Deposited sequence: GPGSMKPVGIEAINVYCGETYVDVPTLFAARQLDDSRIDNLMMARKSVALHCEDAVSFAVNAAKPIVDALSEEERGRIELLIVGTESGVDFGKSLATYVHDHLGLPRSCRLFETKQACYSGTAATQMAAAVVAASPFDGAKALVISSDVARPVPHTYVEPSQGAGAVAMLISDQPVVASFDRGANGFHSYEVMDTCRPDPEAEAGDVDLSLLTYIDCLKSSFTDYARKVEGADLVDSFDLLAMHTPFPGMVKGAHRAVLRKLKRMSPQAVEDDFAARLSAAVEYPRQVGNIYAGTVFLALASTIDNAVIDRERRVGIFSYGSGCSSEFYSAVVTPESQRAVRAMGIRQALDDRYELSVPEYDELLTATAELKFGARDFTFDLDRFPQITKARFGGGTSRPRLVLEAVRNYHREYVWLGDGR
């Protein structure tokens, strides 16, 4: 039995209201989107997500972490993986593989499935992997995608003690091909074809009857709704009302955190999975059908079992409280953060952050007042990234 032993999320410390940004931009089913401080990156998001699940381990349990993979499209170097920085801030043993995975929003699932295979293939019991999906996409002002784009990381311990979600072994359908508008069509093609591939490997698979709940990559909840509708209509020829009811029953819990966070690329499907577990009633063993996608493209349909112990383990992470504690940006504050963030470019040799550039945000959050301390990026010195703990006091 292999899967997620522990899960946690860091969706940043600020948000902007989506209807307010829409209006301000003079232009989804989106409510709020996470915004990164100018001095945050995929590394610092990844460290903030993983630190609670790493610190909850005994010494002996942490020493069995032999794999750390970061799934991202927010890389910082041609060669140097995010996983090197992330390892160095989590007190992990050096007896560990470290690398990064890339394939748009499929990067996290790629990492998770490799790590599950490593755990299952090991001749030794008790192998552990840490997989972190982390992205800090830079929104382009005056694009229709902007208000759908968030910042977040989702950290998962993958082991043979899968309290949070136990993966159905071998129950994996894939649909991948090179492709560059088409974006809804490609997502729908992958959902339908990855599920069909799943059904080829799993005797009697049905997209309604096999799964109590669904969790899917969520570019925005409207996309998930439209894709769910297209695929159920094509595969099962169900009535519009029956399709609407199925969305309410099986996907409304999954899209709750994504509609408060926005697309975080790699981590979105895992945030939808955490959201499913947190926002649905898990009264016994229930199976979740999971659809992961990355544009360009690659896709996978897989499944896992969750239990009341899953719900208790995820509730103890306090995700809803963390989201509700975020500082609300005005649109002007959001615009100044975008401007400050863009100053650090890919391939910069030397760059120093002003950690106090937005004292309104660092007064209230990042160790301010009631708030948790956070790792942030402080500088790049001869290509080397240097992090500080804000709120160390």
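Where C-alpha coordinates are absent, the deposited sequence of this PDB chain has the segments 1 to 6, 34 to 40, 194 to 207, 421.
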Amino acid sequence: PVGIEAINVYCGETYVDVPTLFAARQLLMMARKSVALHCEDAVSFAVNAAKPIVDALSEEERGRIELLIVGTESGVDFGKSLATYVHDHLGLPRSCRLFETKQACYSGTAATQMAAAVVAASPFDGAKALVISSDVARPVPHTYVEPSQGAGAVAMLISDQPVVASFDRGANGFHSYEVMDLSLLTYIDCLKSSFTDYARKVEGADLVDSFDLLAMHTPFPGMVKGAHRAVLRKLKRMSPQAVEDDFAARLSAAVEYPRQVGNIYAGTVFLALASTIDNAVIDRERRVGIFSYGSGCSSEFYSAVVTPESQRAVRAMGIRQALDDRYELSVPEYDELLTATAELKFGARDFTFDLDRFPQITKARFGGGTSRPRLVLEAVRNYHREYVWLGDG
From here on, numbers count along this sequence of modelled residues.
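The mean C-alpha temperature factor is higher for 144 to 152 when 101 to 109 and 144 to 152 are set side by side. For the two regions 296 to 304 and 115 to 123, the entry's Cα B-factors average higher over 115 to 123. The maximum CA B-factor among the listed residues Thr84, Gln311, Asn172, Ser133, taken from the PDB record, is found at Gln311. Residues shown: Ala50, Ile361, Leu68, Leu337. Highest C-alpha temperature factor in the entry: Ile361. Ranked by Cα temperature factor within the chain, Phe366 sits in the highest third according to the deposited record. Ranked by C-alpha B-factor against the other modelled residues of its chain, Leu355 falls in the middle third. Ranked within its chain, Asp55 lands in the highest third, by CA B factor from the PDB record. Annotation for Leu21: CA B-factor lies in the middle third of the chain's modelled residues. The deposited CA B-factor of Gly267 belongs to the lowest third of values across its chain.
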